[PDB]
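To keep things clear, I will list the structure first and then write my remarks on it.
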Ligand SMILES: Cc1ccc(-n2nc(C(C)(C)C)cc2NC(=O)Nc2ccc(OCCN3CCOCC3)c3ccccc23)cc1
């Protein structure tokens with residue numbers, strides 16, 4: 001509280017340095033202008049970050065993860081702080097980034113994007129995911145509202161923290177050994193929505209979700225169904241009647257043939273045959289944007305520290321160090 005000040009936004013106290021002016025709650029997340037940095041910034045006050053062990057891990061990970069990942073099309077930390085002068089009164093954490101404007105829903109709602117815009121939006125989303133995947137990280141909840149877009153159509157991936165719309169089958173079916181391509185399914189659901197201007201699989205429940213996915217992508221073979229689901233989850237799919245595969249061209253009428261082609265390589269039930277984030281950029285849909293040189297990978301993410309049992313006070317202190325060291 002040495003140069004900080006207190007408000008109440010979202011009916012909760014917000015202690016921040018005085019450089020941050022004019023907090024308008026977005027969602028807790030608030031807008032603001034930074035006086036020193038002289039630009040628009042967003043701020044994320046973490047909810048009771050050290051009340052529980054899990055909160056302490058999630059508080060640590062988020063911080064560790066945003067610091068590690070540094071890419072154009074990914075969220076990046078401008079600043080981190082606490083209103084705490086010691087480890088005793090360390091109870092609150094605040095993360096700070098650039099204001100990216102709106103989410104991806106706003107763009108679709110307001111303006112039906114051309115095939116030119118769509119090319120550039122998915123390009124960035126893959127180029128960004130290529131970075132994250134290369135780090136050895138999975139989003140597991142890629143969706144419109146976890147993707148910010150600047151007015152220049154600049155894109156950035158984030159994790160705010162329905163989902164099932166853009167969720168891969170094997171996650172719903174509890175495969176428990178799913179890899180990075182779960183997100184590639186999500187990208188397809190997002191990209192399809194960009195074209196049509198409406199959700200591809202707006203399932204009203206768990207079953208209805210699967211019934212919509214099984215109509216377009218069709219019924220999987222018993223061989224393919226056995227490698228994307230637990231023994232218990234299979235009875236949900238077998239319950240459903242036999243439904244044939246639909247040709248995407250008939251769905252996405254008057255779409256770019258290339259765009260339809262790429263969706264066929266993303267919306268696949270077998271994860272082994274889904275396209276890679278890296279491969280997908282090579283596709284002729286992004287021929288206007290693809291640059292092999294300017295599509296960097298990320299550094300391997302060290303799990304070592306996290307992959308170890310510790311008490312709260314250790315997560316508390318470990319975090320304090322990571323805050324201050326920024
Ligand atoms: C426990 C936990 C662990 C990790 C994460 N996590 N994982 C990722 C990956 C997938 C990209 C690596 C990113 C994040 N964390 C985030 O993306 N955090 C945030 C989300 C939404 C926000 O504000 C959104 C509001 N607004 C949108 C428009 O642009 C300005 C911000 C934020 C505002 C300021 C600071 C951080 C924010 C999240 C939680």
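Beyond 23 Å, how much of the Cα-Cα pair distribution for the stretch 189-326 remains, as a whole percent?
56 percent
What three numbers, in Å, describe the spread of the alpha carbons of the chain along their principal axes, ordered from the longest?
66, 44, 40
Please sort 222-229, 59-66, 125-132, 166-173 by packing, taking for each peptide the average over its residues of neighbouring beta carbons within 10 angstrom, highest first.
Per-residue Cβ counts within 10 Å, averaged per peptide and sorted highest first, yield 125-132, 166-173, 59-66, 222-229.
Averaged over every viewing direction, what's the projected area of the C-alpha convex hull for the stretch 6-143? Give it in nm², one decimal, please.
Orientation-averaged projected area of the Cα hull: 10.2 nm².
Give me 110, 30 sorted ascending by neighbouring Cβ count inside 10 Å, so fewest comes first.
Ascending number of Cβ neighbours within 10 Å: 110, 30.
Compare the peptides 275-283, 243-251 by average per-residue count of other Cβ atoms within 10 angstrom and give them in order, highest first.
In descending order of packing, they fall as 275-283, 243-251.
Work out how far the C-alpha atoms of the stretch 120-263 reach from end to end along every principal axis, then list the three figures in whole Å, largest first.
Here the spans come out as 47, 37, 25 Å, largest first.
Could you list 134, 86 in order of exposure, starting from the residue whose Cβ has the fewest other Cβ atoms within 10 Å?
The fewest-first ordering by Cβ neighbours comes to 86, 134.
Residues of the stretch 119-151 with the amide nitrogen closer than 13 Å to a label point 7 Å from the Cα of residue 297, along Cα-to-Cβ, please.
Residues 130-137 fall inside that zone.
What order do you get for 153, 189 when you list them from fewest to most C-beta neighbours inside 10 Å? Each step should come with its number before you reach the end.
Working: 153 14, 189 22.
Going from least to most buried by this count: 153, 189.
For the stretch 268-326 and the stretch 101-121, compute the distance between their C-alpha centroids and round to whole Å.
Centre-to-centre distance over Cα atoms comes out at 25 Å.
Cβ: placed from backbone, ideal geometry, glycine included. Neighbour counts: every protein chain shown. Laboratory data are not the source of any read-out in this text; all were calculated from the coordinates shown.
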